[PDB]
Amino acid sequence: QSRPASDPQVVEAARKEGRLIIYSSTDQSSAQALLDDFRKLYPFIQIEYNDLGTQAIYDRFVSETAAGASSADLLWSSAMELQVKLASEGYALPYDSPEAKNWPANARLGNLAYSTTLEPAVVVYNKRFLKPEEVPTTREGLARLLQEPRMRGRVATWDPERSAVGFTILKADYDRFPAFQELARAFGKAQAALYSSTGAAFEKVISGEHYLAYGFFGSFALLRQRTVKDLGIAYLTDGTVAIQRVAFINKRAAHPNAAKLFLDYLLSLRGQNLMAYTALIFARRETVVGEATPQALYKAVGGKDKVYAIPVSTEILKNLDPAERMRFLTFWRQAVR
Ligand SMILES: [Cl-]
Ligand code: NA
Ligand code: NA
């Protein structure tokens with residue numbers, strides 16, 4: 001009774017194909033439950049899951065296509081600007097997902113690419129050093145906390161010069177919230193350490209070498225919290241930036257119908273529910289019940305209007321413009337040093 005909406009012509013052509021190749025940035029141990037469940041629905045499809053860095057996905061896909069080689073059927077990546085760039089340059093199979101009828105226009109590049117997640121950039125902290133009631137939930141509040149001598153060298157955030165996702169998140173913050181400028185200068189005052197990776201930042205918070213990290217995905221925070229009871233999460237109430245992992249089907253898929261079934265599964269309530277519940281990846285689909293969901297996120301930030309979803313839109317390509325990049329990085333480097 002929860003099987004994704006299927007075109008019978010598509011399921012029958014997927015049987016003949018009987019294979020699916022995925023290039024994905026989602027860690028395989030996070031995706032596993034979805035792969036196993038997809039196979040229970042479509043046990044006639046053999047999956048090749050390639051778990052790759054977001055740059056690897058873009059380079060590898062661009063290479064194979066250009067050399068004319070067989071590449072991925074489906075590309076699934078948290079690098080929104082690179083996915084949107086490929087899908088707006090002829091790399092994407094146009095396909096109207098029957099599971100995406102209620103997707104907001106800003107969660108889909110028409111029929112070229114789809115959001116699969118709505119993941120908030122949050123504050124994480126070490127509850128042995130900071131109690132929940134003293135962790136501010138606004139940029140101005142965090143800027144105030146970081147004036148305290150006890151916070152000097154105790155703060156982590158992204159290095160937007162070494163992380164594409166870190167860039168997306170901090171740039172969205174800078175473009176949307178004036179108070180971000182005060183907070184960036186406070187990272188300077190506090191001698192914030194910058195990280196190219198969520199895991200390197202989280203390790204230092206768990207160790208107590210930092211007490212607080214700003215701008216990391218709630219999905220990773222929740223996943224680590226399962227293991228680590230001293231990890232606190234605070235949601236920003238003056239405005240939260242959310243990233244959307246983008247999926248699209250290769251225009252040249254060898255198995256385009258298998259890729260439609262998997263894209264439909266990723267978007268369905270069955271797939272979105274399993275992703276939220278088992279992977280603790282914040283779902284896109286608003287009907288999912290549980291902690292890693294739009295409803296839970298909206299209650300935590302004080303309403304839907306306080307979440308800015310980075311859109312699945314060619315408008316985000318301004319982030320790749322050298323002049324725009326430079327203006328942001330010029331401000332950033334001046335403020336945080
Ligand atoms: Cl990361
Ligand atoms: Na389907
Ligand atoms: Na639904």
# chains A, B, ... in the order shown; residues from 1 in each chain; ligands from 1
>>> residues_around(residues="stretch 309-312 of chain A", least_positions_apart="4", cutoff="7 Å", atoms="only C-alpha atoms", output="ChimeraX atom specification")
/A:84,106-109,115,241-244
>>> residues_near_ligand(ligand="ligand 1", cutoff="7 Å", atoms="only C-alpha atoms and all ligand atoms", output="ChimeraX atom specification")
/A:196-199
>>> write_last_selection(atoms="N, CA, C and O atoms", output="tab-separated table (two decimals), in the first residue's frame")
chain	number	residue	atom	x	y	z
A	196	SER	N	37.26	21.79	6.37
A	196	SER	CA	36.84	21.42	5.01
A	196	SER	C	35.85	20.28	5.16
A	196	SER	O	35.27	19.91	4.14
A	197	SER	N	35.74	19.70	6.35
A	197	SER	CA	34.89	18.50	6.53
A	197	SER	C	34.12	18.57	7.84
A	197	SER	O	34.71	18.94	8.90
A	198	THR	N	32.86	18.14	7.77
A	198	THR	CA	31.99	17.99	8.95
A	198	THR	C	32.68	17.08	9.94
A	198	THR	O	32.64	17.35	11.17
A	199	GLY	N	33.25	15.95	9.49
A	199	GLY	CA	33.83	15.04	10.50
A	199	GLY	C	35.00	15.65	11.27
A	199	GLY	O	35.15	15.35	12.50
>>> residues_around(residues="stretch 295-305 of chain A", least_positions_apart="3", cutoff="6 Å", atoms="only C-alpha atoms", output="PDB file with N, CA, C and O atoms, in the first residue's frame")
ATOM      1  N   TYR A 235      18.775  24.961  16.838  1.00  0.00           N
ATOM      2  CA  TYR A 235      18.260  25.455  15.542  1.00  0.00           C
ATOM      3  C   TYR A 235      18.163  26.978  15.642  1.00  0.00           C
ATOM      4  O   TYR A 235      17.635  27.488  16.631  1.00  0.00           O
ATOM      5  N   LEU A 236      18.602  27.655  14.608  1.00  0.00           N
ATOM      6  CA  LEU A 236      18.507  29.122  14.509  1.00  0.00           C
ATOM      7  C   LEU A 236      17.058  29.579  14.284  1.00  0.00           C
ATOM      8  O   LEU A 236      16.470  29.355  13.177  1.00  0.00           O
ATOM      9  N   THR A 237      16.644  30.504  15.109  1.00  0.00           N
ATOM     10  CA  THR A 237      15.284  31.047  15.121  1.00  0.00           C
ATOM     11  C   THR A 237      15.205  32.386  14.363  1.00  0.00           C
ATOM     12  O   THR A 237      14.079  32.872  14.189  1.00  0.00           O
ATOM     13  N   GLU A 291      11.810  13.129  13.579  1.00  0.00           N
ATOM     14  CA  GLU A 291      12.701  14.263  13.920  1.00  0.00           C
ATOM     15  C   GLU A 291      13.353  14.850  12.660  1.00  0.00           C
ATOM     16  O   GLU A 291      13.553  16.081  12.619  1.00  0.00           O
TER      17      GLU A 291
END
>>> residues_around(residues="stretch 68-73 of chain A", least_positions_apart="3", cutoff="9 Å", atoms="only C-alpha atoms", output="number ranges by chain")
A: 20-23, 50, 60-61, 63-65, 248-256, 258-259
>>> residues_near_ligand(ligand="ligand 3", cutoff="8 Å", atoms="only C-alpha atoms and all ligand atoms", output="MDAnalysis selection string")
chainID A and resid 268:269 285:288
>>> residues_near_ligand(ligand="ligand 2", cutoff="10 Å", atoms="only C-alpha atoms and all ligand atoms", output="list in words")
residues 3, 4, 5, 6, 7, 8, 9, 10, 11, 14, 97, 98, 99, 257, 258, 259, 260, 261, 262, 263, 264, 265, 266, 267 and 268 of chain A
>>> write_last_selection(atoms="N, CA and C atoms", output="mmCIF file, in the first residue's frame")
data_model
loop_
_atom_site.group_PDB
_atom_site.id
_atom_site.type_symbol
_atom_site.label_atom_id
_atom_site.label_comp_id
_atom_site.auth_asym_id
_atom_site.auth_seq_id
_atom_site.Cartn_x
_atom_site.Cartn_y
_atom_site.Cartn_z
ATOM 1 N N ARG A 3 3.971 1.283 -1.997
ATOM 2 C CA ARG A 3 4.779 1.185 -3.260
ATOM 3 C C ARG A 3 4.739 2.520 -4.014
ATOM 4 N N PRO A 4 5.853 3.087 -4.538
ATOM 5 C CA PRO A 4 5.805 4.346 -5.298
ATOM 6 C C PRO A 4 4.884 4.242 -6.515
ATOM 7 N N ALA A 5 4.288 5.374 -6.938
ATOM 8 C CA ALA A 5 3.490 5.471 -8.190
ATOM 9 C C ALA A 5 4.371 4.988 -9.337
ATOM 10 N N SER A 6 3.894 4.072 -10.158
ATOM 11 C CA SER A 6 4.711 3.450 -11.231
ATOM 12 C C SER A 6 4.010 3.642 -12.562
ATOM 13 N N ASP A 7 4.727 4.050 -13.604
ATOM 14 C CA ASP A 7 4.206 3.760 -14.969
ATOM 15 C C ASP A 7 4.501 2.298 -15.266
ATOM 16 N N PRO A 8 3.489 1.438 -15.581
ATOM 17 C CA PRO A 8 3.728 0.044 -15.959
ATOM 18 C C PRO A 8 4.663 -0.094 -17.168
ATOM 19 N N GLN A 9 4.556 0.789 -18.166
ATOM 20 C CA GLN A 9 5.501 0.779 -19.320
ATOM 21 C C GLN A 9 6.908 0.931 -18.756
ATOM 22 N N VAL A 10 7.124 1.824 -17.759
ATOM 23 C CA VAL A 10 8.486 2.095 -17.211
ATOM 24 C C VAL A 10 9.015 0.859 -16.460
ATOM 25 N N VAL A 11 8.211 0.260 -15.584
ATOM 26 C CA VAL A 11 8.616 -0.912 -14.754
ATOM 27 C C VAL A 11 8.997 -2.047 -15.724
ATOM 28 N N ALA A 14 12.242 -1.359 -17.242
ATOM 29 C CA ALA A 14 13.331 -1.479 -16.235
ATOM 30 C C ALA A 14 13.748 -2.955 -16.090
ATOM 31 N N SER A 97 8.492 13.426 -12.599
ATOM 32 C CA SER A 97 8.295 12.348 -11.572
ATOM 33 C C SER A 97 6.853 12.316 -11.066
ATOM 34 N N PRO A 98 6.135 11.179 -11.175
ATOM 35 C CA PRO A 98 4.797 11.109 -10.606
ATOM 36 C C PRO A 98 4.787 11.189 -9.067
ATOM 37 N N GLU A 99 5.944 11.125 -8.384
ATOM 38 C CA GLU A 99 6.024 11.248 -6.902
ATOM 39 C C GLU A 99 6.289 12.708 -6.516
ATOM 40 N N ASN A 257 15.029 3.710 -17.542
ATOM 41 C CA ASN A 257 13.771 3.355 -16.838
ATOM 42 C C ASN A 257 14.046 2.897 -15.389
ATOM 43 N N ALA A 258 15.118 2.148 -15.170
ATOM 44 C CA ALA A 258 15.554 1.787 -13.802
ATOM 45 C C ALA A 258 15.828 3.070 -12.985
ATOM 46 N N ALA A 259 16.490 4.062 -13.573
ATOM 47 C CA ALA A 259 16.769 5.370 -12.936
ATOM 48 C C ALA A 259 15.457 6.115 -12.616
ATOM 49 N N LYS A 260 14.420 6.031 -13.456
ATOM 50 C CA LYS A 260 13.132 6.674 -13.155
ATOM 51 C C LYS A 260 12.578 5.993 -11.908
ATOM 52 N N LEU A 261 12.661 4.667 -11.821
ATOM 53 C CA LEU A 261 12.056 3.929 -10.681
ATOM 54 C C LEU A 261 12.764 4.352 -9.406
ATOM 55 N N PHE A 262 14.064 4.527 -9.477
ATOM 56 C CA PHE A 262 14.861 4.827 -8.273
ATOM 57 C C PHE A 262 14.619 6.298 -7.886
ATOM 58 N N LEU A 263 14.631 7.195 -8.866
ATOM 59 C CA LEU A 263 14.295 8.643 -8.591
ATOM 60 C C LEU A 263 12.896 8.696 -7.946
ATOM 61 N N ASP A 264 11.916 7.995 -8.535
ATOM 62 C CA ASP A 264 10.548 7.990 -7.936
ATOM 63 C C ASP A 264 10.602 7.427 -6.511
ATOM 64 N N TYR A 265 11.361 6.338 -6.273
ATOM 65 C CA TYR A 265 11.490 5.752 -4.929
ATOM 66 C C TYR A 265 12.066 6.830 -4.000
ATOM 67 N N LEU A 266 13.144 7.548 -4.389
ATOM 68 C CA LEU A 266 13.861 8.520 -3.502
ATOM 69 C C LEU A 266 12.826 9.595 -3.096
ATOM 70 N N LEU A 267 11.941 9.987 -3.988
ATOM 71 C CA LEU A 267 10.978 11.083 -3.746
ATOM 72 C C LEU A 267 9.737 10.575 -3.020
ATOM 73 N N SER A 268 9.401 9.289 -3.135
ATOM 74 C CA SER A 268 8.153 8.736 -2.551
ATOM 75 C C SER A 268 8.157 8.900 -1.030
#
>>> closest_residue(among="A:74, A:118, A:86, A:183", to="residue A:283", atoms="only C-alpha atoms")
A:118
>>> closest_atom_pairs(of="stretch 204-283 of chain A", to="stretch 150-162 of chain A", cutoff="10 Å", atoms="only C-alpha atoms", output="CSV")
residue,atom,partner,partner_atom,distance
A:204,CA,A:156,CA,8.3
A:205,CA,A:156,CA,7.9
A:208,CA,A:154,CA,8.2
A:209,CA,A:154,CA,6.4
A:210,CA,A:154,CA,3.9
A:211,CA,A:154,CA,5.3
A:212,CA,A:155,CA,5.1
A:213,CA,A:156,CA,4.3
A:214,CA,A:157,CA,4.9
A:215,CA,A:157,CA,6.3
A:216,CA,A:157,CA,7.6
>>> select_by_dssp(residues="stretch 240-328 of chain A", states="strand (DSSP E or B)", output="ChimeraX atom specification")
/A:240-243,246-250,283,307-309
>>> decode(residues="stretch 63-167 of chain A", atoms="C-alpha atoms", output="mmCIF file, in the first residue's frame")
data_model
loop_
_atom_site.group_PDB
_atom_site.id
_atom_site.type_symbol
_atom_site.label_atom_id
_atom_site.label_comp_id
_atom_site.auth_asym_id
_atom_site.auth_seq_id
_atom_site.Cartn_x
_atom_site.Cartn_y
_atom_site.Cartn_z
ATOM 1 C CA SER A 63 34.736 12.611 -18.578
ATOM 2 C CA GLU A 64 32.727 9.442 -19.419
ATOM 3 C CA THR A 65 30.011 11.393 -21.258
ATOM 4 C CA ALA A 66 32.637 13.376 -23.344
ATOM 5 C CA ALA A 67 34.727 10.227 -24.133
ATOM 6 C CA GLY A 68 31.343 8.684 -25.056
ATOM 7 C CA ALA A 69 31.723 5.984 -22.375
ATOM 8 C CA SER A 70 28.845 4.334 -20.428
ATOM 9 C CA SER A 71 28.435 6.449 -17.229
ATOM 10 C CA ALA A 72 25.870 6.647 -14.376
ATOM 11 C CA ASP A 73 22.118 6.224 -14.860
ATOM 12 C CA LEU A 74 21.479 8.593 -11.853
ATOM 13 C CA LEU A 75 23.488 11.343 -10.195
ATOM 14 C CA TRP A 76 22.670 12.160 -6.514
ATOM 15 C CA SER A 77 24.799 14.930 -4.921
ATOM 16 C CA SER A 78 24.804 17.541 -2.144
ATOM 17 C CA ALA A 79 26.788 19.922 -4.463
ATOM 18 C CA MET A 80 23.689 21.863 -5.568
ATOM 19 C CA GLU A 81 25.546 24.311 -7.926
ATOM 20 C CA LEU A 82 27.346 21.501 -9.755
ATOM 21 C CA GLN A 83 24.204 19.338 -10.114
ATOM 22 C CA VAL A 84 22.183 22.382 -11.341
ATOM 23 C CA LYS A 85 25.045 23.255 -13.689
ATOM 24 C CA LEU A 86 25.030 19.782 -15.291
ATOM 25 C CA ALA A 87 21.173 19.659 -15.455
ATOM 26 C CA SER A 88 21.110 23.126 -17.233
ATOM 27 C CA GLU A 89 23.814 22.172 -19.812
ATOM 28 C CA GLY A 90 22.210 19.070 -21.492
ATOM 29 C CA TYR A 91 23.341 16.280 -19.106
ATOM 30 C CA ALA A 92 19.813 15.583 -17.689
ATOM 31 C CA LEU A 93 16.988 13.245 -18.968
ATOM 32 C CA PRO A 94 13.732 15.269 -18.785
ATOM 33 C CA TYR A 95 11.301 13.172 -16.675
ATOM 34 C CA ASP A 96 8.184 14.415 -14.855
ATOM 35 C CA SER A 97 8.295 12.348 -11.572
ATOM 36 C CA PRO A 98 4.797 11.109 -10.606
ATOM 37 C CA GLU A 99 6.024 11.248 -6.902
ATOM 38 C CA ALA A 100 6.964 14.990 -7.218
ATOM 39 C CA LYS A 101 3.448 16.427 -8.013
ATOM 40 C CA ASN A 102 3.470 18.487 -4.787
ATOM 41 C CA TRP A 103 7.206 19.493 -4.943
ATOM 42 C CA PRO A 104 7.475 23.244 -4.705
ATOM 43 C CA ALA A 105 8.742 24.887 -7.944
ATOM 44 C CA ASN A 106 11.961 25.813 -6.036
ATOM 45 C CA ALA A 107 12.602 22.086 -5.202
ATOM 46 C CA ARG A 108 12.771 21.009 -8.936
ATOM 47 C CA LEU A 109 14.505 22.327 -12.048
ATOM 48 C CA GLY A 110 11.235 21.841 -14.036
ATOM 49 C CA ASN A 111 11.548 18.225 -15.302
ATOM 50 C CA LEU A 112 15.419 18.160 -15.233
ATOM 51 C CA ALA A 113 16.371 17.640 -11.545
ATOM 52 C CA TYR A 114 14.745 17.136 -8.097
ATOM 53 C CA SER A 115 15.414 17.926 -4.456
ATOM 54 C CA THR A 116 15.579 14.787 -2.278
ATOM 55 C CA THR A 117 16.271 16.479 1.111
ATOM 56 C CA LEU A 118 15.708 19.703 3.105
ATOM 57 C CA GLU A 119 18.718 19.792 5.458
ATOM 58 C CA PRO A 120 19.150 22.708 7.860
ATOM 59 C CA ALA A 121 22.469 24.306 8.762
ATOM 60 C CA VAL A 122 22.451 24.145 12.572
ATOM 61 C CA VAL A 123 24.614 24.846 15.660
ATOM 62 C CA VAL A 124 26.153 21.851 17.364
ATOM 63 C CA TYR A 125 27.772 22.047 20.789
ATOM 64 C CA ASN A 126 29.400 19.996 23.584
ATOM 65 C CA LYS A 127 26.863 19.850 26.469
ATOM 66 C CA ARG A 128 29.775 19.236 28.978
ATOM 67 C CA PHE A 129 30.994 22.826 28.183
ATOM 68 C CA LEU A 130 27.816 24.728 27.102
ATOM 69 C CA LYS A 131 24.322 24.045 28.534
ATOM 70 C CA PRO A 132 21.382 24.267 26.081
ATOM 71 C CA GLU A 133 20.000 27.447 27.751
ATOM 72 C CA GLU A 134 23.293 29.346 27.023
ATOM 73 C CA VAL A 135 23.508 28.378 23.346
ATOM 74 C CA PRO A 136 22.041 31.330 21.422
ATOM 75 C CA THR A 137 19.693 30.616 18.503
ATOM 76 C CA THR A 138 20.396 33.851 16.586
ATOM 77 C CA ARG A 139 23.417 35.188 14.679
ATOM 78 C CA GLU A 140 23.476 38.327 16.863
ATOM 79 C CA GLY A 141 23.318 36.099 19.982
ATOM 80 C CA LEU A 142 26.178 33.878 18.752
ATOM 81 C CA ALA A 143 28.207 37.002 17.914
ATOM 82 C CA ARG A 144 27.745 38.109 21.594
ATOM 83 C CA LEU A 145 28.749 34.673 23.016
ATOM 84 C CA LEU A 146 31.941 34.686 20.879
ATOM 85 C CA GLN A 147 33.095 37.943 22.601
ATOM 86 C CA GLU A 148 33.692 35.865 25.789
ATOM 87 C CA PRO A 149 37.329 34.905 26.537
ATOM 88 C CA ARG A 150 36.088 31.356 27.468
ATOM 89 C CA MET A 151 35.073 30.960 23.756
ATOM 90 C CA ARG A 152 38.521 31.923 22.255
ATOM 91 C CA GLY A 153 39.663 28.923 20.113
ATOM 92 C CA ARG A 154 36.443 27.098 21.082
ATOM 93 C CA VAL A 155 34.519 27.639 17.827
ATOM 94 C CA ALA A 156 34.355 25.679 14.549
ATOM 95 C CA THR A 157 32.782 26.538 11.203
ATOM 96 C CA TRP A 158 33.345 25.858 7.489
ATOM 97 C CA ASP A 159 36.296 26.914 5.418
ATOM 98 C CA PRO A 160 34.347 28.169 2.341
ATOM 99 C CA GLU A 161 37.665 28.295 0.383
ATOM 100 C CA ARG A 162 38.132 24.495 0.801
ATOM 101 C CA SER A 163 34.546 23.151 0.916
ATOM 102 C CA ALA A 164 32.013 23.635 -1.913
ATOM 103 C CA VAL A 165 29.125 22.761 0.467
ATOM 104 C CA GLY A 166 30.632 25.062 3.188
ATOM 105 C CA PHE A 167 30.755 27.849 0.541
#
